[PDB]
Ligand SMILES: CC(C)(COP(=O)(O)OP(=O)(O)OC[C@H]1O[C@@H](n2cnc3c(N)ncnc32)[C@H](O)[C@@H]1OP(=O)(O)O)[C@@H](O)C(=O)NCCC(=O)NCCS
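Okay, so here's just one chain, in structure tokens, the form solved without ligand COA.
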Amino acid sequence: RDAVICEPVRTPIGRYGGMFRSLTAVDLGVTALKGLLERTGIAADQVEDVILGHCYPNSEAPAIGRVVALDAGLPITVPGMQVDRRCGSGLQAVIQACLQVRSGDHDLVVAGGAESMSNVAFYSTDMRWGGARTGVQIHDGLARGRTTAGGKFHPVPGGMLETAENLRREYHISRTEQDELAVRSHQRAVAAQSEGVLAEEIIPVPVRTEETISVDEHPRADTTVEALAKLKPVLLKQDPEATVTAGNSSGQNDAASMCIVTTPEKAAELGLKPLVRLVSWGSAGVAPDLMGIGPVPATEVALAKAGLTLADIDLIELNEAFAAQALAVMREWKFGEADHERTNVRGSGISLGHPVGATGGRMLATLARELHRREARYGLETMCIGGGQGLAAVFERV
């Protein structure tokens, strides 16, 4: 039986330290979840699991999908959980949801993701037993995670950005091209805002001052290659040829994404309108210091399973973790000017942001809704993953 995606929504995406700074990841998740349930009008006891991608969990919200469900006023009979495959966590959550619905185990579950990078904890492993002899180290959850996802045998001191430079280096990718991709990104997000399509994607978020925010914080209409040319590469001191700036990289962000994963039968029965179904997915491991190229093997797996080629794909969502990383993938994919027209049509991580746990759900909402709008057939959602992985899923319009 099929697994279909219904009403994929998200909150707007705030900047790190920005408009959502005072909201927890649970706050955003509850908003998105309540928005989803209001739009679909389904009974709350129809939900059989809430599975959330979530990359900086802590005991403020253990097994966060459960906490989100309770805090949104779902029955205590609704189970939930947390998954982490770094940047792929929100797609991981969806795939998991698809497997347990296709299997006959559940008829309807929620898949999503929530991240408040503004409020990632500082933590220490030296206070339980005392620093009387070692001292006490405190770690930024965000900063520390950049150096550890490849474990002790594959060190990347400069984390993901360092690997983005590695790709720049290996693929001989110019700064200009990187900032050019950056500009397109902002233009498509800003275009999509004005063309009124983001309205169906977004659950507005009430913050309190009772101001309801319904626009993404990071996109800018005045973005240009000349302005971006002025930006300093983050690793310039250690690398003369460094190209990666804050301007052609995705930032740190706050957001939540939610959707319904069900069977076509159950959806008809509840008056849902399925937008896509899962055709295939793939995962893959690559070298931690080249994590950015993770989408290429992942996508090959997903395409092979489905019996498709990349030419069979009408729409592409590729999280653009860094411009150099994304361009590397598109080089491997042998992309023309023509291919950019079907890729990241409403923006990407660079323009919208990268609220890690929620990104898979953002890309999905965009992909699902745009396939429908273009009456296109196949979509590919794929992303690189810190520590050296890739995830890809192929969807087909219903």
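Under this definition, the rigid core comprises the largest set of C-alpha atoms superposing within 1.5 Å between the forms. Residue indices: 1-based, along the sequence shown.
Chemist: For the other entries of this protein included in the comparison (both sides of the residue modelled), is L236 absent in a third of them or more?
Modeler: In at least a third of the comparable entries (those modelling both sides of it), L236 has no coordinates.
Chemist: Determine, among the other compared PDB entries that model residues flanking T223, whether at least a third leave it unmodelled.
Modeler: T223: modelled in every other compared entry.
Chemist: As recorded in the PDB entry, how many deposited residues are without coordinates between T209 and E210: none, 1 to 3, 4 to 9, or 10 or more?
Modeler: 1 to 3 residues lack coordinates between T209 and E210.
Chemist: Of the two stretches 195-203 and 291-299, which shows the higher Cα B-factor on average in the entry?
Modeler: The stretch with the larger mean CA B-factor is 195-203.
Chemist: Using the B-factors recorded in the PDB entry, average over the C-alpha atoms of 139-147 and of 84-92, then report which stretch comes out higher.
Modeler: The deposited B-factors put 139-147 ahead on the C-alpha mean.
Chemist: Out of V26, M363, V345, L33, which shows the largest CA B-factor listed in the entry?
Modeler: Among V26, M363, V345, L33, the PDB entry lists the largest C-alpha B-factor for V345.
Chemist: Which one of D49, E332, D45, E60 shows the biggest C-alpha B-factor in the PDB entry?
Modeler: Top of the list by C-alpha B-factor: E332.
Chemist: Among the modelled residues of this chain, does the Cα B factor of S118 put it in the lowest, middle or highest third?
Modeler: CA B-factor rank for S118: middle third.
Chemist: Considering every modelled residue of the chain and its Cα B-factor in the PDB entry, is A376 in the lowest, middle or highest third?
Modeler: For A376, the deposited C-alpha B-factor lands in the highest third.
Chemist: Please place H54 in the lowest, middle or highest third of its chain according to the CA B-factor in the PDB entry.
Modeler: Tercile = lowest for this residue's CA B-factor.
Chemist: Against its chain's modelled residues, does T223's Cα B factor rank lowest, middle or highest third?
Modeler: Its C-alpha B-factor, which the entry lists for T223, ranks in the highest third among residues of this chain.
Chemist: Quick check for you: using the entry's CA B-factors within this chain, is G336 in the lowest, middle or highest third?
Modeler: For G336, whose C-alpha B-factor we compare with every modelled residue in the chain, the answer is the highest third.
Another form exists, deposited with ligand COA bound; not displayed. Remarks below refer to it.
Chemist: Could you tell me if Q252 has a non-hydrogen atom within 4.5 Å of ligand COA in the entry with it bound?
Modeler: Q252: contacts ligand COA in the entry with it bound.
Chemist: Mark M160 yes when one of its heavy atoms lies within 4.5 Å of a heavy atom of ligand COA in the entry with it bound, and no otherwise.
Modeler: Residue-level check for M160: yes, a contact with ligand COA.
Chemist: I'd like to check something about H354: if you look in the entry with it bound, is any of its heavy atoms closer than or equal to 4.5 Å to a heavy atom of ligand COA?
Modeler: Contact with ligand COA, yes.
Chemist: According to a 4.5 angstroms non-hydrogen atom cut-off, is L231 in contact with ligand COA in the entry with it bound?
Modeler: Yes, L231 sits close enough to ligand COA in the entry with it bound that at least one of its heavy atoms falls within 4.5 Å.
Chemist: Just to confirm, with a 4.5 Å cut-off on non-hydrogen atoms, which of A221, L99, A227, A268 contacts ligand COA in the entry with it bound?
Modeler: Checked against the cut-off, the match is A227.
Chemist: I need to confirm a contact call. Of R184, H106, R146, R175, which residue comes within 4.5 Å of ligand COA in the entry with it bound, counting heavy atoms only?
Modeler: Contact residue from the list: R146.
Chemist: In the entry with it bound, do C87, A246 and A321 all reach within 4.5 Å of ligand COA through at least one heavy atom apiece?
Modeler: Checking in the entry with it bound: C87, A246 and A321 are all within 4.5 Å of ligand COA.
Chemist: Of the listed stretches (278-286, 189-197, 119-127, 231-239), which one has a non-hydrogen atom within 4.5 Å of ligand COA in the entry with it bound?
Modeler: The contacting stretch here is 231-239.
Chemist: With the two forms aligned on their rigid core, point out which item of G307, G135, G196, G104 shifts its C-alpha by 2 Å or more between the shown form and the other one.
Modeler: That would be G135.
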